[PDB]
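A single chain comes next, written as C-alpha cells; it is the form solved without the ligand.
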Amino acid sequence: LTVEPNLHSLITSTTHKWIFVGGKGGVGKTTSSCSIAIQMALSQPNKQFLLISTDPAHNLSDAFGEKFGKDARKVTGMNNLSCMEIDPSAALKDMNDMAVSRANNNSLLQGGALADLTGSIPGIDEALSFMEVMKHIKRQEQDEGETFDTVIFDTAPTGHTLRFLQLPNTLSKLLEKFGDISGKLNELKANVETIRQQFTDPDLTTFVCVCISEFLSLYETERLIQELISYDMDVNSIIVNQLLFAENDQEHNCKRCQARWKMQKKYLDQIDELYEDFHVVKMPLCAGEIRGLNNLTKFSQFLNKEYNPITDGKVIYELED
C-alpha cells in the first residue's frame, strides 16, 4: 500500500506529543512549522498545542505578525494554538553565571561548573540547553494552569540542537574509563535518558524534514536523516517546498521558470525513489511571504490534502498576490 504524500495521519494523530521540524538553507522551515501547528490545532479543537522556536530572529513573531516571547501566548484568531520564542543558551548563561557567583561566595546540576566540560564532551551543552527549554515550558504550564497536549519544536537553523540524545551512551563510555562533577554527570545522564524514553518512541515523537527540490538540499536532507537515525529519532516525513509546477500555471509563461521546474522535477523524482517509505509531501512555490494566520492556514491546508497544481492553483495565487 502506497504511503500517502501528506501529513494527514500525523496532523490527525492523538498519540504524538513532540513534533520536531527542521531543514537547513532557505527551505521554508519556519512556515512549515506554523503550517503543521495550525493544521494540527484546527483538526483537534479539543486539544492545546504549543509551537516553540529558538531562532533569535523571532521567526514566529514575524511569521504570524504578532509578538511572542518567553511567555506563551495564544495565536490571535485561534483557540488552541500558542507560540513562545526563547533563547535557551542565553538563559543558560545567565543561570550558569549566577551559579559561578554563588560558588565564589558559597537544574541543580551546575553548582560551580559542569559547563566547562562543554568544549570537551559533545552534547552536554545541548542537553543543558534543551533542559532549559523544557523548564520554561513546564513553568508556563504550572502558571497558566493549563498543560499543552502537543508541542511542535521549530528547530533552530544551526548547530545540532538534539545531539544530546547521544549524551547517555557518550558518558557511560567515559565514566567507565574514568573508573562532584561525577555526580552531576550521572544526574544529567539520568535526565537525558528519561527524555530518550519519550523522544525515542515512534508513536510519541517524530521529526519532519523540510527541503527544496535541489541537489544540495537533497544531500543536506540525507545528512539530516542519517543523523536523526543515529539518535533513534523517528523520521518518516519530508516536506518539499518552493515547487513551481510551471508545467501548467496561471500567467505561466516564463521560460527561465520552466527551466527551473525541469530541474526540480529531476530531483523530485530522485526523492520519490530514495524515500519511498516516507511521506513526501510536495508544496507549491508561493511567490511572496506567506505571513499571517489567514494565509498560513490557507496554505497549510496542503499539508493535509496533497496539492493539485491543476485544481488548487487558484488558491495559491490568491496569496502570491
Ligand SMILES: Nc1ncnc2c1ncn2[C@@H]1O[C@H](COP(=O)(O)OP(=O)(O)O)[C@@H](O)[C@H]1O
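Throughout, we count residues from 1 along the sequence that is shown.
Keep in mind that the form solved in complex with the ligand is not shown, yet the notes after this line are about it.
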With the partner removed from view, which of 64-72, 37-45, 272-280, 286-294 is the stretch that lies within 4.5 Å of the ligand in the entry with it bound, judged by heavy atom distances?
-> 286-294
Have a look at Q110, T118, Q242, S89 for me and say which one sits with a heavy atom within 4.5 Å of the ligand in the entry with it bound.
-> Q242
Tell me, yes or no, whether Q264 is in contact with the ligand in the entry with it bound, where a contact means a heavy atom of each within 4.5 Å.
-> no
Indicate whether the ligand has at least one heavy atom within 4.5 Å of a heavy atom of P309 in the entry with it bound.
-> no
Give a yes/no on whether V27 approaches the ligand to within 4.5 Å in the entry with it bound, heavy atoms considered.
-> yes
Quick one: does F20 come within 4.5 Å of the ligand in the entry with it bound, counting heavy atoms only?
-> no
